[PDB]
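Below sits a lone chain in structure tokens, taken as the form deposited in one PDB entry.
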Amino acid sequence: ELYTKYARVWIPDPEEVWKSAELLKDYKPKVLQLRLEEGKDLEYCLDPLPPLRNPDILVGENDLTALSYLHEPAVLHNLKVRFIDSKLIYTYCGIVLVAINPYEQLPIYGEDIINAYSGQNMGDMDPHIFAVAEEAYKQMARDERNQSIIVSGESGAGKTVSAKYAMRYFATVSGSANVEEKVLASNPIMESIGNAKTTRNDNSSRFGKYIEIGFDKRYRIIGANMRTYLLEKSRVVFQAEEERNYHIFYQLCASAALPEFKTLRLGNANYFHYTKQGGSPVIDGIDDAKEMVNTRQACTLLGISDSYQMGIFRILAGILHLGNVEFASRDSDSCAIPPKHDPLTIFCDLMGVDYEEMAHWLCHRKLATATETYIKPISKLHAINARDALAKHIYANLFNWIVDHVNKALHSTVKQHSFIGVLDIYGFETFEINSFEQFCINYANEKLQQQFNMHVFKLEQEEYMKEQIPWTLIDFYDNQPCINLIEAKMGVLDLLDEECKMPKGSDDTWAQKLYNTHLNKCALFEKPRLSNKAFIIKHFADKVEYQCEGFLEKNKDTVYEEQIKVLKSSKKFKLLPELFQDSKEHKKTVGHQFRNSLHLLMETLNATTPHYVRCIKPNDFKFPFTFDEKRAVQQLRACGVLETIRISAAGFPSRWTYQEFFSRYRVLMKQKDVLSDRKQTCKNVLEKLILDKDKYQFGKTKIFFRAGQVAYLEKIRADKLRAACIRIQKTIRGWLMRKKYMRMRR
């Protein structure tokens, strides 16, 4: 309880998530009279207290946990003032670095500052991405244990540029005769093959890129190794309204006029069924015909020969032409490719395979028992599903092959002693429409934030072991019940993969199975009130509504072996046989391949120690260096920052070294009482100032405080300092009054 005249509080507002308010009359234990901006009128209805605001000396601090009052208004205000007023883009919460896209360039990344951060401890400096990279480089010396920097956020938040600078730090401080040129020259390739225009923004990355920077026994840089995970294979063949698939297809179509590409017989970007679907072939302000050239130049610098480059573009033209193969039904249970079909003719020319062999194997599938073998016709729907699964399988193998040749250039012969690894992964996503891609993205973000919550819980158990404090005080948010909902048997993915193979399964009967299995059995699964074709998952960040329409089309891969063996028979050019050189994997659905890829990622990260960077995007319009409250709060919830802060507010947020406590509150402690050691001095003085110890704890090195007690001490400190100013001013002012009065008497 503190509320008085001239107190300040935050109030909610549909326009800006909180308004500042002046408290105009003291509270009495029932409705509050408040002054505001724009004059003053409010009476504010309590419900069966308003959030209360940090004294102005606190706001703008380097560390959001150093605030006395912790809540979403205080955090949003600190980040807003630091970004708008001080032009500082980096901030800390707990261990987590928080980074905001200035979204115009800055001086801040200069080599002078890079050198200024080297050797510094994380609290010695104002926050910067180099402080995280430096802590990683320190921890890798302090223990041989490898270190991971996990960069996360919405698309466009600056995850790639943050990785760029994080690597530039290691390469400047450690690096010597080079990695930097090759790694940065790899980016246009991985962006070309792996990025797409999403609904909300252009150039979203649809895969998790992981760069291992390798160090020798003396922590000079050896070299780097690039891994990839969670590739969104389904985008190859299916696209929503005003999406595109991967940029490379459009750079290729835009290059159709070039003389190298005449043989590929390419058309315009909406001639092909795998690029027509989105209805938006041109990005505003991107010339795909020039990103083509920057792609081929990035390939050339990494030493993918022009022969292999023409192989890559031949295979992509293959996939584009494959997508235009049209099947006519001849029966409910049989279909055929029509005679002399031009797309198949051009595909078989490009790939160098017999037209009539592909024409047969596209329309038929084959089974053999141990003795004898059978050939079945298949329906037009199964032929279209098989062709799409073949296109997805080609694309995924091409992507893994380009990543392997990039790795050939990035690897170095010296035996890697240890690595620091940097991860550029999409953040928790929520869209006006949410689809299987979003369900995968949010399940991966559930796993990553489980890892995060365990790491934070370990770190603060270990600090309490540094301070002989009971563990029971601390607790953490457990999101295992949602992982079990998504991942376990009879889970949402398991009932999807079942419905892929049950006869005449559909999104409509899948949804019914979901409702039957979870609807009132699980607290985290909910049905939307007015629909039978959607469901709601209660993620850690928010409730998200997923639409069942077109899960099963996206869910399904099965590649008929005889079509791979036809492609593997190709003799025209080197690359196409080389892709498929080393089953159940051909049966596995996209959801299971994603589950497995995510388990590989979590096996990679759990073997390591993480350091986190969260990126948030200030505004959707690309306006330089301006900030929107309403997006930023959504981001800070999607990043789990607000939960971490609430949980800390439940515990002991504020932690003062005794000597800093004295340096602040000497005014509080009398010249008599101070002792020959200040630790015991403050141990007494605080017991004077706050009657009940339960508000605080005494560690070996710090005083721990519950939320609010610092604001109380700063209040009473400032009021006593003003009483001292009253004494001194009253004495000097009264002297001048005496002086002029007695001069008049003189």
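For every residue, the number given is its place in the sequence shown, counted from 1. For clarity, a rigid core is taken as the largest C-alpha set superposing within 1.5 Å between two forms.
Keep in mind that the form deposited in another entry is missing from the display, and what follows is about it.
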Large Cα move at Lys670 between this form and the one not shown, threshold 2 Å, rigid core: yes
Core fit, then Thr657 C-alpha moves 2 Å or more between this form and the one not shown: yes
Post core alignment: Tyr374 C-alpha displaced by 2 Å or more between this form and the one not shown: no
